[PDB]
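S.K.: This is the content of final.cif (mmCIF, C-alpha atoms and all ligand atoms):
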```cif
data_work
#
loop_
_atom_site.label_atom_id
_atom_site.label_comp_id
_atom_site.auth_asym_id
_atom_site.auth_seq_id
_atom_site.Cartn_x
_atom_site.Cartn_y
_atom_site.Cartn_z
CA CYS Q 56 7.12 -13.52 16.49
CA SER Q 57 5.12 -10.43 17.42
CA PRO Q 58 2.59 -9.67 14.63
CA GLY Q 59 3.33 -5.93 14.70
CA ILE Q 60 7.05 -6.13 13.87
CA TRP Q 61 8.19 -4.85 10.48
CA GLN Q 62 11.58 -4.53 8.77
CA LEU Q 63 12.42 -1.56 6.53
CA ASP Q 64 15.41 -1.14 4.20
CA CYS Q 65 16.43 0.36 0.85
CA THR Q 66 18.16 -1.49 -1.98
CA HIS Q 67 19.49 -0.13 -5.28
CA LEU Q 68 19.02 -1.04 -8.93
CA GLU Q 69 19.54 0.95 -12.13
CA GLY Q 70 20.58 3.92 -10.03
CA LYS Q 71 17.19 3.98 -8.32
CA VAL Q 72 16.09 3.45 -4.72
CA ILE Q 73 13.68 0.69 -3.70
CA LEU Q 74 12.15 0.92 -0.23
CA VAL Q 75 11.19 -2.55 1.05
CA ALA Q 76 9.09 -3.39 4.11
CA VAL Q 77 8.76 -6.97 5.37
CA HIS Q 78 6.19 -8.23 7.86
CA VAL Q 79 8.74 -10.36 9.70
CA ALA Q 80 6.24 -12.83 11.14
CA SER Q 81 4.87 -13.66 7.67
CA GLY Q 82 7.36 -12.68 4.96
CA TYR Q 83 4.76 -10.43 3.31
CA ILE Q 84 6.42 -7.57 1.44
CA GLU Q 85 5.44 -4.05 0.45
CA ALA Q 86 7.75 -1.99 -1.73
CA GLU Q 87 7.94 1.38 -3.45
CA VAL Q 88 10.44 3.01 -5.82
CA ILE Q 89 11.48 6.38 -4.42
CA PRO Q 90 13.47 9.15 -6.14
CA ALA Q 91 15.79 9.94 -3.23
CA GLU Q 92 16.84 7.85 -0.23
CA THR Q 93 15.69 10.62 2.12
CA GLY Q 94 13.95 10.68 5.48
CA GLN Q 95 10.97 12.45 3.92
CA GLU Q 96 10.31 9.48 1.64
CA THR Q 97 10.79 7.06 4.54
CA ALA Q 98 8.36 9.04 6.71
CA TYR Q 99 5.68 9.19 4.01
CA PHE Q 100 6.07 5.46 3.38
CA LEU Q 101 5.73 4.77 7.11
CA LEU Q 102 2.51 6.80 7.27
CA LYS Q 103 1.10 4.78 4.38
CA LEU Q 104 2.13 1.49 6.02
CA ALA Q 105 0.74 2.25 9.49
CA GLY Q 106 -2.65 3.28 8.11
CA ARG Q 107 -2.96 -0.16 6.51
CA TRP Q 108 -1.48 -2.58 9.07
CA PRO Q 109 -1.12 -2.62 12.86
CA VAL Q 110 2.49 -1.43 13.01
CA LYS Q 111 3.97 -1.61 16.51
CA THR Q 112 7.74 -1.66 15.97
CA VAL Q 113 10.03 -1.18 12.98
CA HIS Q 114 13.53 -2.60 12.61
CA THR Q 115 16.15 -1.78 9.99
CA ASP Q 116 19.67 -2.77 8.99
CA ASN Q 117 20.72 0.91 8.67
CA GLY Q 118 19.85 2.57 11.97
CA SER Q 119 20.75 5.99 10.57
CA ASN Q 120 17.67 5.63 8.35
CA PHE Q 121 15.56 6.56 11.39
CA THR Q 122 17.41 9.59 12.78
CA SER Q 123 15.80 12.35 10.72
CA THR Q 124 13.24 14.61 12.33
CA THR Q 125 10.70 13.73 9.63
CA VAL Q 126 10.97 10.01 10.40
CA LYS Q 127 10.63 10.45 14.16
CA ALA Q 128 7.61 12.70 13.58
CA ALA Q 129 5.89 10.00 11.50
CA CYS Q 130 6.59 7.31 14.11
CA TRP Q 131 5.36 9.61 16.87
CA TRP Q 132 2.04 10.37 15.18
CA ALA Q 133 1.36 6.74 14.23
CA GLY Q 134 2.52 5.42 17.61
CA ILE Q 135 5.45 3.44 16.21
CA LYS Q 136 8.48 2.37 18.24
CA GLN Q 137 11.89 1.41 16.91
CA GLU Q 138 13.45 -2.00 17.55
CA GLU Q 152 16.58 -12.07 5.95
CA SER Q 153 17.65 -12.55 2.32
CA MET Q 154 14.29 -11.00 1.36
CA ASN Q 155 16.16 -8.31 -0.58
CA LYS Q 156 17.98 -11.11 -2.41
CA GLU Q 157 14.85 -13.14 -3.23
CA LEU Q 158 13.00 -10.00 -4.32
CA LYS Q 159 16.01 -9.03 -6.45
CA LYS Q 160 15.82 -12.53 -7.91
CA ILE Q 161 12.19 -12.25 -9.01
CA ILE Q 162 12.84 -8.69 -10.20
CA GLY Q 163 15.64 -9.98 -12.40
CA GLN Q 164 13.32 -12.69 -13.69
CA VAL Q 165 10.52 -10.29 -14.69
CA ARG Q 166 12.55 -7.19 -15.61
CA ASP Q 167 12.16 -7.56 -19.38
CA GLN Q 168 8.33 -7.65 -19.34
CA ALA Q 169 8.15 -4.03 -18.13
CA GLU Q 170 9.64 -0.75 -19.29
CA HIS Q 171 10.02 0.94 -15.90
CA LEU Q 172 11.77 -0.55 -12.88
CA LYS Q 173 8.86 0.27 -10.55
CA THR Q 174 6.50 -1.91 -12.60
CA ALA Q 175 8.89 -4.87 -12.30
CA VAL Q 176 9.26 -4.18 -8.58
CA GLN Q 177 5.50 -4.35 -8.07
CA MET Q 178 5.34 -7.47 -10.27
CA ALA Q 179 7.97 -9.10 -8.05
CA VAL Q 180 6.09 -8.08 -4.90
CA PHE Q 181 2.95 -9.64 -6.39
CA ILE Q 182 4.71 -12.91 -7.21
CA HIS Q 183 6.42 -13.15 -3.81
CA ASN Q 184 3.26 -12.42 -1.83
CA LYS Q 185 1.18 -14.87 -3.88
CA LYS Q 186 3.77 -17.68 -4.02
CA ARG Q 187 2.66 -20.81 -2.19
CA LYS Q 188 5.04 -22.30 0.37
CA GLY Q 193 1.36 -24.25 2.41
CA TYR Q 194 -0.21 -20.81 2.63
CA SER Q 195 1.32 -17.79 0.90
CA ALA Q 196 2.86 -14.68 2.44
CA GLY Q 197 -0.29 -12.61 1.91
CA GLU Q 198 -2.51 -15.31 3.36
CA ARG Q 199 -0.10 -15.65 6.29
CA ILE Q 200 -0.05 -11.94 7.16
CA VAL Q 201 -3.84 -11.73 6.92
CA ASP Q 202 -4.29 -14.84 9.08
CA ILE Q 203 -1.76 -13.77 11.72
CA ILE Q 204 -3.25 -10.30 12.07
CA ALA Q 205 -6.79 -11.70 12.09
CA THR Q 206 -5.98 -14.35 14.71
CA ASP Q 207 -4.35 -11.64 16.83
CA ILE Q 208 -7.79 -9.97 16.70
CA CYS H 56 -20.59 -9.02 -0.30
CA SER H 57 -17.81 -10.80 -2.17
CA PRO H 58 -14.48 -10.22 -0.34
CA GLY H 59 -12.58 -9.55 -3.58
CA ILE H 60 -14.63 -6.55 -4.76
CA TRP H 61 -12.96 -3.13 -4.74
CA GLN H 62 -14.07 0.36 -5.77
CA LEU H 63 -11.68 2.81 -7.43
CA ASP H 64 -12.18 6.54 -8.07
CA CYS H 65 -10.32 9.86 -8.19
CA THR H 66 -11.28 13.01 -6.29
CA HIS H 67 -9.73 16.48 -6.46
CA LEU H 68 -8.34 18.92 -3.91
CA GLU H 69 -5.92 21.83 -4.24
CA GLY H 70 -5.63 21.09 -7.94
CA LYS H 71 -4.28 17.62 -7.19
CA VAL H 72 -5.59 14.12 -7.90
CA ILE H 73 -6.32 11.61 -5.14
CA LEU H 74 -6.82 7.99 -6.17
CA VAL H 75 -9.03 6.17 -3.64
CA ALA H 76 -9.67 2.42 -3.41
CA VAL H 77 -12.33 1.00 -1.09
CA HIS H 78 -12.68 -2.63 -0.06
CA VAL H 79 -16.46 -2.56 -0.42
CA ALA H 80 -17.15 -5.43 1.98
CA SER H 81 -15.24 -3.70 4.80
CA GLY H 82 -14.92 0.03 4.12
CA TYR H 83 -11.12 -0.21 4.33
CA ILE H 84 -9.46 2.48 2.21
CA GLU H 85 -6.16 2.85 0.40
CA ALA H 86 -5.27 6.14 -1.25
CA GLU H 87 -2.45 7.81 -3.15
CA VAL H 88 -1.87 11.33 -4.48
CA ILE H 89 -1.01 11.15 -8.17
CA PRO H 90 0.33 13.93 -10.43
CA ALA H 91 -1.94 13.23 -13.41
CA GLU H 92 -5.30 11.45 -13.64
CA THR H 93 -3.90 9.11 -16.28
CA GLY H 94 -4.33 5.42 -17.05
CA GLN H 95 -0.64 4.84 -16.34
CA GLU H 96 -1.08 5.97 -12.73
CA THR H 97 -4.25 3.88 -12.40
CA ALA H 98 -2.48 0.80 -13.78
CA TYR H 99 0.51 1.17 -11.45
CA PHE H 100 -1.82 1.65 -8.48
CA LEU H 101 -3.76 -1.47 -9.48
CA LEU H 102 -0.54 -3.51 -9.63
CA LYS H 103 0.36 -2.33 -6.13
CA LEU H 104 -3.12 -3.16 -4.82
CA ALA H 105 -3.37 -6.65 -6.32
CA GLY H 106 0.02 -7.69 -4.94
CA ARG H 107 -1.26 -6.89 -1.44
CA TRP H 108 -4.89 -8.07 -1.42
CA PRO H 109 -6.87 -10.76 -3.26
CA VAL H 110 -8.41 -8.48 -5.89
CA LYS H 111 -11.05 -10.24 -8.01
CA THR H 112 -13.16 -7.42 -9.44
CA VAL H 113 -12.90 -3.63 -9.52
CA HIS H 114 -15.81 -1.21 -9.87
CA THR H 115 -15.70 2.52 -10.53
CA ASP H 116 -18.05 5.47 -10.93
CA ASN H 117 -16.21 6.64 -14.09
CA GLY H 118 -16.12 3.66 -16.45
CA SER H 119 -13.86 5.54 -18.85
CA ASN H 120 -11.16 5.25 -16.16
CA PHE H 121 -10.66 1.64 -17.27
CA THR H 122 -10.51 1.96 -21.08
CA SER H 123 -6.81 2.70 -21.53
CA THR H 124 -4.52 -0.02 -22.81
CA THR H 125 -2.27 0.37 -19.76
CA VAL H 126 -5.17 -0.30 -17.37
CA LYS H 127 -6.39 -3.37 -19.25
CA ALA H 128 -2.82 -4.70 -19.33
CA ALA H 129 -2.53 -4.38 -15.54
CA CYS H 130 -5.88 -6.12 -14.96
CA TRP H 131 -4.91 -8.87 -17.41
CA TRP H 132 -1.61 -9.64 -15.71
CA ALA H 133 -3.06 -9.58 -12.19
CA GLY H 134 -6.17 -11.53 -13.22
CA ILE H 135 -8.61 -8.71 -12.42
CA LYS H 136 -12.09 -8.41 -13.90
CA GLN H 137 -14.21 -5.28 -14.13
CA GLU H 138 -17.64 -5.01 -12.52
CA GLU H 152 -20.68 5.20 -1.02
CA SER H 153 -19.99 8.63 0.50
CA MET H 154 -16.49 7.33 1.28
CA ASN H 155 -15.03 10.19 -0.77
CA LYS H 156 -17.11 12.57 1.37
CA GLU H 157 -16.09 11.06 4.72
CA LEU H 158 -12.44 10.94 3.65
CA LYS H 159 -12.71 14.55 2.48
CA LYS H 160 -14.16 15.31 5.92
CA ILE H 161 -11.23 13.85 7.86
CA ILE H 162 -8.81 15.42 5.36
CA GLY H 163 -10.36 18.82 6.06
CA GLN H 164 -10.06 18.14 9.78
CA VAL H 165 -6.34 17.29 9.66
CA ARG H 166 -5.19 19.49 6.77
CA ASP H 167 -3.46 22.11 8.93
CA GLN H 168 -1.17 19.63 10.74
CA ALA H 169 0.69 18.83 7.50
CA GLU H 170 2.41 20.90 4.82
CA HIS H 171 1.69 18.65 1.83
CA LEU H 172 -1.73 17.35 0.82
CA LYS H 173 -0.48 13.77 0.47
CA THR H 174 0.53 13.68 4.15
CA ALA H 175 -2.97 14.78 5.18
CA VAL H 176 -4.46 12.20 2.82
CA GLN H 177 -2.48 9.40 4.45
CA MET H 178 -3.36 10.77 7.89
CA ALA H 179 -7.05 10.64 6.94
CA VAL H 180 -6.68 7.09 5.60
CA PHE H 181 -5.05 6.13 8.91
CA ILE H 182 -7.85 7.66 10.98
CA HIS H 183 -10.62 6.13 8.85
CA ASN H 184 -9.10 2.64 8.85
CA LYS H 185 -8.44 2.72 12.61
CA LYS H 186 -11.77 4.29 13.64
CA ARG H 187 -13.92 1.96 15.72
CA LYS H 188 -17.52 1.41 14.62
CA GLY H 193 -17.42 -2.62 16.90
CA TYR H 194 -14.36 -3.56 14.87
CA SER H 195 -12.58 -1.06 12.63
CA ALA H 196 -12.25 -1.04 8.85
CA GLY H 197 -8.74 -2.50 8.94
CA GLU H 198 -9.76 -5.22 11.39
CA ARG H 199 -12.81 -5.94 9.22
CA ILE H 200 -10.87 -6.34 5.96
CA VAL H 201 -8.28 -8.56 7.65
CA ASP H 202 -10.98 -10.71 9.27
CA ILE H 203 -13.07 -11.05 6.10
CA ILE H 204 -10.09 -12.03 3.97
CA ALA H 205 -8.81 -14.40 6.65
CA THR H 206 -12.20 -16.07 7.14
CA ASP H 207 -12.45 -16.48 3.36
CA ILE H 208 -9.20 -18.46 3.71
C1 LIG Q 301 4.52 2.03 -19.66
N1 LIG Q 301 3.60 0.91 -19.67
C2 LIG Q 301 3.52 -0.01 -18.72
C3 LIG Q 301 4.34 -0.10 -17.43
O1 LIG Q 301 4.33 1.13 -16.76
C4 LIG Q 301 3.22 1.47 -15.95
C5 LIG Q 301 2.72 0.31 -15.09
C6 LIG Q 301 3.67 2.60 -15.01
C7 LIG Q 301 2.08 1.98 -16.82
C8 LIG Q 301 5.81 -0.47 -17.66
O2 LIG Q 301 6.70 0.04 -16.94
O3 LIG Q 301 6.12 -1.30 -18.56
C9 LIG Q 301 2.54 -0.92 -19.08
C10 LIG Q 301 2.19 -2.00 -18.31
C11 LIG Q 301 0.97 -1.99 -17.62
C12 LIG Q 301 0.62 -3.06 -16.81
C13 LIG Q 301 1.50 -4.14 -16.67
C14 LIG Q 301 2.73 -4.13 -17.34
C15 LIG Q 301 3.08 -3.06 -18.15
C16 LIG Q 301 3.71 -5.32 -17.19
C17 LIG Q 301 3.28 -6.24 -16.07
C18 LIG Q 301 1.80 -6.40 -15.99
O4 LIG Q 301 1.11 -5.22 -15.81
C19 LIG Q 301 2.02 -0.49 -20.31
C20 LIG Q 301 1.02 -0.99 -21.16
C21 LIG Q 301 0.73 -0.32 -22.35
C22 LIG Q 301 1.43 0.83 -22.69
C23 LIG Q 301 2.42 1.32 -21.84
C24 LIG Q 301 2.71 0.65 -20.64
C1 LIG Q 302 7.51 18.10 5.20
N1 LIG Q 302 7.37 17.45 6.49
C2 LIG Q 302 6.40 16.61 6.80
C3 LIG Q 302 5.24 16.13 5.92
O1 LIG Q 302 5.73 15.69 4.68
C4 LIG Q 302 6.25 14.39 4.56
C5 LIG Q 302 5.43 13.33 5.29
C6 LIG Q 302 6.27 14.03 3.07
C7 LIG Q 302 7.69 14.36 5.08
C8 LIG Q 302 4.20 17.22 5.64
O2 LIG Q 302 3.64 17.27 4.51
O3 LIG Q 302 3.89 18.05 6.53
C9 LIG Q 302 6.59 16.20 8.11
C10 LIG Q 302 5.76 15.30 8.75
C11 LIG Q 302 6.21 14.00 9.00
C12 LIG Q 302 5.37 13.08 9.61
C13 LIG Q 302 4.07 13.46 9.97
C14 LIG Q 302 3.62 14.76 9.71
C15 LIG Q 302 4.47 15.68 9.09
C16 LIG Q 302 2.18 15.19 10.10
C17 LIG Q 302 1.35 14.00 10.50
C18 LIG Q 302 2.13 12.97 11.27
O4 LIG Q 302 3.23 12.48 10.60
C19 LIG Q 302 7.75 16.83 8.58
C20 LIG Q 302 8.44 16.81 9.80
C21 LIG Q 302 9.58 17.58 9.95
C22 LIG Q 302 10.04 18.37 8.90
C23 LIG Q 302 9.36 18.38 7.69
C24 LIG Q 302 8.20 17.60 7.53
#
```
Produce structure tokens that represent the structure in this file.
M.R.:
Amino acid sequence: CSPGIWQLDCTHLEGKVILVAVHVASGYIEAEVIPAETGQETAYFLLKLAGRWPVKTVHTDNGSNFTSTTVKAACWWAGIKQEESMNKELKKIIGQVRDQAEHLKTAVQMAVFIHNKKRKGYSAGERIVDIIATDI
Amino acid sequence: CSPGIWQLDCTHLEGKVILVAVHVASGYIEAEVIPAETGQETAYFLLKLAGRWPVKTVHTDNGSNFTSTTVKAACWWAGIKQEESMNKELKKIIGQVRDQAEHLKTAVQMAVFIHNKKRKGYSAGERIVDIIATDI
């Protein structure tokens, strides 16, 4: 599909919030552990994401995630418009690696690493880079 | 140069710590505002970075940044080996945009966005994506 389409959602583990972004065209994932499931966190995350990738449109499974003024401000400034089982796979790898790390965020980043590097025969990271490069 | 070489340093503003990573071959920047200039923050940042890009070697202007056990553990797990004026340009853009945002971290991410999108005639983001894709 379009190379600038992303998907953004939050999942929960150990009473903590995990913000997950998926480059739909590729399956590449970015994730962060946030204290509160607030629009301020979502907006800051969006700013980080747009400065790194060409983000055209963002989809979500909880539309109310994108109603706060802070979120709309972030999408406005970065020129972003609104528009899986990835949470389940990521939760799988997280469960697999959880005991190697004290904090949940470390295991989250470990799982992101594994998922993006996994070969399927390019990997998710290779796929996102190649799609965005080709589009150039 | 080699597409897997990164540069990592911390700068200071408003009594806060900004961790800055530069993809040397391209000039692409990632940055985060951290509470303390500790090895734990550096290690977590490195885990995030390696899961997103093919990180082979990391250089720094403060070698003692990479002596903590936590840092070496992160480089071990991700398979990372040790080995500008970007801080000044980034500080420039940050100064330019600082009044549009309440928090420093928002202005930092704004500056990262501007720098990575700036045209020079591809941009830094386009360059990193194209280098890493070509290397594929
Ligand atoms: C607290 N802590 C952690 C780690 O937490 C941070 C990443 C935030 C530092 C955590 O939650 O277990 C590490 C550590 C660093 C790297 C690393 C791993 C664990 C596991 C996967 C591979 O990479 C570590 C090492 C020596 C002392 C203390 C440590
Ligand atoms: C506190 N706050 C912020 C912003 O802080 C966060 C990003 C952490 C939310 C800050 O430091 O000024 C924003 C805001 C959101 C997006 C955005 C900008 C500012 C400026 C550049 C373009 O993008 C915002 C909006 C409505 C109410 C409160 C706000």
S.K.: Mind pulling up the distance from CA of residue 188 (chain H) to atom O2 of ligand LIG 302 (chain Q)?
M.R.: 28.3 Å
S.K.: Would you write out chain Q as a short mmCIF file (atom, residue, chain, number, x, y, z; two decimals) with C-alpha atoms, keeping the file's coordinate frame, after superposing it on chain H by least squares over all in-order Cα pairs?
M.R.:
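Final output, saved to selection-v1.cif:
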```
data_model
loop_
_atom_site.label_atom_id
_atom_site.label_comp_id
_atom_site.auth_asym_id
_atom_site.auth_seq_id
_atom_site.Cartn_x
_atom_site.Cartn_y
_atom_site.Cartn_z
CA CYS Q 56 -20.59 -9.02 -0.30
CA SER Q 57 -17.81 -10.80 -2.17
CA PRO Q 58 -14.48 -10.22 -0.34
CA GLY Q 59 -12.58 -9.55 -3.58
CA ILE Q 60 -14.63 -6.55 -4.76
CA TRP Q 61 -12.96 -3.14 -4.74
CA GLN Q 62 -14.07 0.36 -5.77
CA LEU Q 63 -11.67 2.81 -7.43
CA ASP Q 64 -12.18 6.54 -8.08
CA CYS Q 65 -10.32 9.86 -8.19
CA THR Q 66 -11.28 13.01 -6.29
CA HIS Q 67 -9.72 16.48 -6.46
CA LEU Q 68 -8.34 18.92 -3.91
CA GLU Q 69 -5.92 21.84 -4.23
CA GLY Q 70 -5.63 21.09 -7.93
CA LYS Q 71 -4.28 17.62 -7.19
CA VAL Q 72 -5.59 14.12 -7.90
CA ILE Q 73 -6.33 11.61 -5.14
CA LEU Q 74 -6.82 7.99 -6.17
CA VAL Q 75 -9.03 6.16 -3.64
CA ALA Q 76 -9.67 2.42 -3.41
CA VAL Q 77 -12.33 1.00 -1.08
CA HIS Q 78 -12.68 -2.64 -0.06
CA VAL Q 79 -16.46 -2.56 -0.42
CA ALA Q 80 -17.15 -5.43 1.98
CA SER Q 81 -15.24 -3.70 4.80
CA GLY Q 82 -14.92 0.03 4.12
CA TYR Q 83 -11.12 -0.21 4.33
CA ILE Q 84 -9.46 2.48 2.22
CA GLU Q 85 -6.16 2.85 0.41
CA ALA Q 86 -5.27 6.14 -1.25
CA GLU Q 87 -2.45 7.81 -3.15
CA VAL Q 88 -1.87 11.33 -4.48
CA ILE Q 89 -1.00 11.15 -8.17
CA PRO Q 90 0.32 13.93 -10.43
CA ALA Q 91 -1.94 13.23 -13.41
CA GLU Q 92 -5.30 11.46 -13.63
CA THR Q 93 -3.90 9.11 -16.29
CA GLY Q 94 -4.32 5.42 -17.05
CA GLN Q 95 -0.64 4.84 -16.34
CA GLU Q 96 -1.08 5.96 -12.73
CA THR Q 97 -4.25 3.88 -12.40
CA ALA Q 98 -2.48 0.80 -13.78
CA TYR Q 99 0.51 1.17 -11.45
CA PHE Q 100 -1.82 1.65 -8.49
CA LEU Q 101 -3.76 -1.47 -9.48
CA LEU Q 102 -0.54 -3.51 -9.63
CA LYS Q 103 0.36 -2.33 -6.14
CA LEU Q 104 -3.13 -3.16 -4.82
CA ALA Q 105 -3.37 -6.65 -6.33
CA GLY Q 106 0.02 -7.69 -4.94
CA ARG Q 107 -1.25 -6.89 -1.45
CA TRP Q 108 -4.89 -8.08 -1.42
CA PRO Q 109 -6.87 -10.75 -3.25
CA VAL Q 110 -8.42 -8.49 -5.89
CA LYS Q 111 -11.05 -10.24 -8.00
CA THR Q 112 -13.17 -7.42 -9.45
CA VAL Q 113 -12.91 -3.63 -9.52
CA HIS Q 114 -15.81 -1.21 -9.87
CA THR Q 115 -15.70 2.52 -10.52
CA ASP Q 116 -18.06 5.47 -10.93
CA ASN Q 117 -16.21 6.64 -14.09
CA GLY Q 118 -16.12 3.66 -16.45
CA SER Q 119 -13.86 5.54 -18.85
CA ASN Q 120 -11.16 5.25 -16.17
CA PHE Q 121 -10.66 1.64 -17.28
CA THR Q 122 -10.51 1.96 -21.08
CA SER Q 123 -6.81 2.70 -21.53
CA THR Q 124 -4.52 -0.02 -22.81
CA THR Q 125 -2.27 0.37 -19.76
CA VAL Q 126 -5.16 -0.30 -17.38
CA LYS Q 127 -6.40 -3.37 -19.25
CA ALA Q 128 -2.83 -4.70 -19.33
CA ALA Q 129 -2.53 -4.38 -15.53
CA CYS Q 130 -5.88 -6.12 -14.97
CA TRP Q 131 -4.91 -8.87 -17.41
CA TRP Q 132 -1.60 -9.64 -15.71
CA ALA Q 133 -3.06 -9.59 -12.18
CA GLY Q 134 -6.17 -11.53 -13.22
CA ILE Q 135 -8.61 -8.72 -12.42
CA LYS Q 136 -12.09 -8.42 -13.90
CA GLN Q 137 -14.21 -5.28 -14.13
CA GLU Q 138 -17.64 -5.01 -12.51
CA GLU Q 152 -20.69 5.20 -1.02
CA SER Q 153 -19.99 8.63 0.49
CA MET Q 154 -16.48 7.33 1.28
CA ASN Q 155 -15.03 10.19 -0.77
CA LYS Q 156 -17.11 12.57 1.36
CA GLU Q 157 -16.09 11.06 4.72
CA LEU Q 158 -12.44 10.93 3.65
CA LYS Q 159 -12.71 14.55 2.48
CA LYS Q 160 -14.16 15.31 5.91
CA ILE Q 161 -11.23 13.86 7.86
CA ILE Q 162 -8.81 15.43 5.36
CA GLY Q 163 -10.36 18.81 6.06
CA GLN Q 164 -10.06 18.14 9.78
CA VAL Q 165 -6.34 17.28 9.67
CA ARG Q 166 -5.20 19.49 6.77
CA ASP Q 167 -3.46 22.11 8.93
CA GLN Q 168 -1.17 19.63 10.74
CA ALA Q 169 0.70 18.83 7.50
CA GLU Q 170 2.40 20.89 4.82
CA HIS Q 171 1.69 18.65 1.83
CA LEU Q 172 -1.73 17.35 0.81
CA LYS Q 173 -0.47 13.76 0.47
CA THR Q 174 0.54 13.68 4.15
CA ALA Q 175 -2.97 14.78 5.19
CA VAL Q 176 -4.46 12.21 2.82
CA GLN Q 177 -2.48 9.40 4.44
CA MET Q 178 -3.36 10.78 7.89
CA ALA Q 179 -7.05 10.64 6.94
CA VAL Q 180 -6.68 7.10 5.61
CA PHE Q 181 -5.05 6.13 8.91
CA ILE Q 182 -7.85 7.66 10.98
CA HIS Q 183 -10.62 6.13 8.85
CA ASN Q 184 -9.10 2.64 8.85
CA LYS Q 185 -8.44 2.72 12.61
CA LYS Q 186 -11.77 4.29 13.64
CA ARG Q 187 -13.92 1.97 15.72
CA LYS Q 188 -17.52 1.42 14.63
CA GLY Q 193 -17.42 -2.63 16.89
CA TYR Q 194 -14.36 -3.56 14.87
CA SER Q 195 -12.58 -1.05 12.63
CA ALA Q 196 -12.26 -1.04 8.85
CA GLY Q 197 -8.74 -2.51 8.95
CA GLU Q 198 -9.76 -5.22 11.38
CA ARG Q 199 -12.81 -5.95 9.22
CA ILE Q 200 -10.87 -6.33 5.96
CA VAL Q 201 -8.28 -8.55 7.65
CA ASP Q 202 -10.98 -10.71 9.27
CA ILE Q 203 -13.07 -11.05 6.10
CA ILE Q 204 -10.09 -12.03 3.97
CA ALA Q 205 -8.81 -14.40 6.65
CA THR Q 206 -12.20 -16.07 7.14
CA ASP Q 207 -12.45 -16.47 3.36
CA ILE Q 208 -9.20 -18.46 3.71
#
```
S.K.: Find the residue from Q:88, Q:127, Q:115, Q:133 that sits nearest to ligand LIG 301 (chain Q); use all atoms listed in the file when measuring.
M.R.: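 Answer, going by the shortest atom-to-atom distance: Q:88.
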S.K.: Report the distance between CA of residue 56 (chain Q) and CA of residue 83 (chain H) in Å, rounded to one decimal place.
M.R.: 25.6 Å
S.K.: Rank nothing, just name the residue among H:178, H:91, H:196, H:201 nearest to ligand LIG 302 (chain Q), using all atoms listed in the file.
M.R.: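 Of the candidates, the smallest distance to ligand LIG 302 (chain Q) is held by H:178.
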S.K.: Excluding same-chain residues fewer than 2 positions from region 84-87 of chain H, what lies within 10 Å of it counting all atoms listed in the file, as a VMD selection string?
M.R.: (chain Q and resid 103 106 to 107) or (chain H and resid 61 to 65 72 to 79 81 to 82 89 to 90 96 100 104 154 to 155 158 173 to 174 176 to 177 179 to 181 183 to 184 196 to 197 200)
S.K.: Please provide the set of residues having any atom within 12 Å of residue 205 (chain H), restricted to only C-alpha atoms, with same-chain residues fewer than 4 positions apart removed, written as a list in words.
M.R.: residues 194, 197, 198, 199, 200, 201, 202, 203, 204, 205, 206, 207 and 208 of chain Q; 58, 59, 108, 109, 198, 199, 200 and 201 of chain H
S.K.: Store the residues picked out above, limited to C-alpha atoms, as a short mmCIF file (atom, residue, chain, number, x, y, z; two decimals), in the coordinates of the input.
M.R.:
```cif
data_model
loop_
_atom_site.label_atom_id
_atom_site.label_comp_id
_atom_site.auth_asym_id
_atom_site.auth_seq_id
_atom_site.Cartn_x
_atom_site.Cartn_y
_atom_site.Cartn_z
CA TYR Q 194 -0.21 -20.81 2.63
CA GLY Q 197 -0.29 -12.61 1.91
CA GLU Q 198 -2.51 -15.31 3.36
CA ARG Q 199 -0.10 -15.65 6.29
CA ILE Q 200 -0.05 -11.94 7.16
CA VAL Q 201 -3.84 -11.73 6.92
CA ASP Q 202 -4.29 -14.84 9.08
CA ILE Q 203 -1.76 -13.77 11.72
CA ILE Q 204 -3.25 -10.30 12.07
CA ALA Q 205 -6.79 -11.70 12.09
CA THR Q 206 -5.98 -14.35 14.71
CA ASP Q 207 -4.35 -11.64 16.83
CA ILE Q 208 -7.79 -9.97 16.70
CA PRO H 58 -14.48 -10.22 -0.34
CA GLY H 59 -12.58 -9.55 -3.58
CA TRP H 108 -4.89 -8.07 -1.42
CA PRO H 109 -6.87 -10.76 -3.26
CA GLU H 198 -9.76 -5.22 11.39
CA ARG H 199 -12.81 -5.94 9.22
CA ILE H 200 -10.87 -6.34 5.96
CA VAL H 201 -8.28 -8.56 7.65
#
```
S.K.: Could I get the residues of chain H with an atom no further than 6 Å from an atom of ligand LIG 302 (chain Q), each paired with its nearest atom pair and that distance in Å to one decimal, using all atoms listed in the file, sorted by chain and residue number, as JSON lines?
M.R.:
```
{"residue": "H:168", "atom": "CA", "partner": "Q:LIG302", "partner_atom": "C16", "distance": 5.6}
{"residue": "H:169", "atom": "CA", "partner": "Q:LIG302", "partner_atom": "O3", "distance": 3.4}
{"residue": "H:170", "atom": "CA", "partner": "Q:LIG302", "partner_atom": "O3", "distance": 3.6}
{"residue": "H:171", "atom": "CA", "partner": "Q:LIG302", "partner_atom": "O2", "distance": 3.6}
{"residue": "H:174", "atom": "CA", "partner": "Q:LIG302", "partner_atom": "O2", "distance": 4.8}
```
S.K.: For each of Q:123, Q:137, Q:112, Q:105, take the minimum atom-to-atom distance to residue 185 (chain H), counting all atoms listed in the file, then give the residue where this is smallest.
M.R.: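 Between Q:123, Q:137, Q:112, Q:105, the residue approaching residue 185 (chain H) most closely is Q:105.
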S.K.: As an exercise, work out the distance from CA of residue 67 (chain Q) to CA of residue 80 (chain Q) in Å and give it to one decimal place.
M.R.: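 We find that CA of residue 67 (chain Q) and CA of residue 80 (chain Q) lie 24.6 Å from each other.
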S.K.: Pick out the closest residue to chain Q from this set: H:68, H:135, H:182, H:161. Count only C-alpha atoms.
M.R.: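 Counting only C-alpha atoms, the residue closest to chain Q is H:182.
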